[PDB]
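This document opens with one chain alone, in structure tokens, the form deposited in one PDB entry.
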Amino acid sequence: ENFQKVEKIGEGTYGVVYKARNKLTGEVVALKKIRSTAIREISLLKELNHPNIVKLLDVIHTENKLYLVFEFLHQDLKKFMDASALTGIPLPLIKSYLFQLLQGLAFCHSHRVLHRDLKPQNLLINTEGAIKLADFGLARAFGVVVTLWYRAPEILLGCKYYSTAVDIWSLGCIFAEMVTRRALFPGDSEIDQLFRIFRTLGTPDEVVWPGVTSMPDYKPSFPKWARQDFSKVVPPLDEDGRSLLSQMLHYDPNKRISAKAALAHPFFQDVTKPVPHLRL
């Protein structure tokens, strides 16, 4: 009752998203209609505020249906990439976005909150050059065609107790996609996703990932592929970038770089904040 629905933005991971106007403040928001532990978990996310996290304005439980009211941003990274397809995103903008995302992740991760489902459609961008993580923490609160392209290998191999490393893996994949203008691992099934990772990074074994062979969905029968070079996977990215991406894509989640450690990487020595070129 307190909103006017302006337009259907589309059908997100958990239900429909609407651009809406608050009838008692005039503020324009994103309203997600979600299709009691969940209420408590979600309610805690109202406190998780950071400039690179899309702000959860409010949570409204009524007719025992659930509405999440979020800060509105006019574009996402998926559409920005599609619109930059001919030309590519300039490196300093790639670098700025990656840095800001890592700040967001470092913040949530220092509170033990993970995203678990990062994807370009979840990264929202404004006119001032800011990029922000949307739907943060909703996977744990509500559980999760859905995209597998960004999933870490420990999730695909059936680990129940994965860690903040899963987000760094996703963000690596998005980094590589910004650079190349093609998804890194566009699997169309769980095994196709796994085998696309293995074809690129080599089939993992006990040498690179202690314990891998005891994971729930690991099979001794997986084909055995050798690793390729990152010079072939993300050209023409420079050696700092490739060094960072390689650390974000380590098979072992314990050796994978943390968001905080990544913010200190030399790739970011010369980071700036450009303003993107955006048509709304």
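Residue positions are given as counts along the sequence shown, with the first one as 1. We call the rigid core whatever largest set of C-alpha positions still superposes within 1.5 Å between the two forms.
Unmodelled residues of the deposited sequence between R35 and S36: 4 to 9. The modelled chain breaks after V144 and resumes at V145, leaving 4 to 9 residues of the deposited sequence without coordinates. According to the PDB record, 44-52 carries the higher mean C-alpha B-factor of the two stretches 245-253 and 44-52. Higher mean CA temperature factor between 59-67 and 227-235: 59-67, per the PDB entry. The PDB entry gives the largest Cα B-factor of the residues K78, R181, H111, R199 to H111.
In this PDB entry, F175 carries a Cα temperature factor that places it within the lowest third of its chain's modelled residues. In this PDB entry, the Cα temperature factor of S96 sits in the bottom third of its chain's modelled residues, the lowest group.
When the CA B factors of the chain's modelled residues are split into thirds, the value for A165 lands in the lowest one. Among the modelled residues of its chain, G88 has a C-alpha B-factor that falls in the highest third, as given in the PDB entry. Annotation for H115: CA B-factor lies in the lowest third of the chain's modelled residues.
The form deposited in another entry exists for this protein as well; it is not shown, and the discussion that follows is about that form.
Comparing the two forms between this form and the one not shown on the rigid core, the single residue of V212, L66, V234, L244 with a CA shift of 2 Å or greater is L66. A displacement of less than 2 angstroms separates the C-alpha positions of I257 between this form and the one not shown, with the rigid core held in common.
Annotation: Cα of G187 displaced by less than 2 Å between this form and the one not shown, core superposition. The Cα position of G137 differs by 2 Å or more between this form and the one not shown after fitting on the rigid core. Relative to this form, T164 and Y14 separate from one another in that other deposited form, with their C-alpha atoms ending up at least 3 Å farther apart.
One change in that other deposited form concerns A106 and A139, whose Cα atoms lie at least 3 Å closer than in this form.
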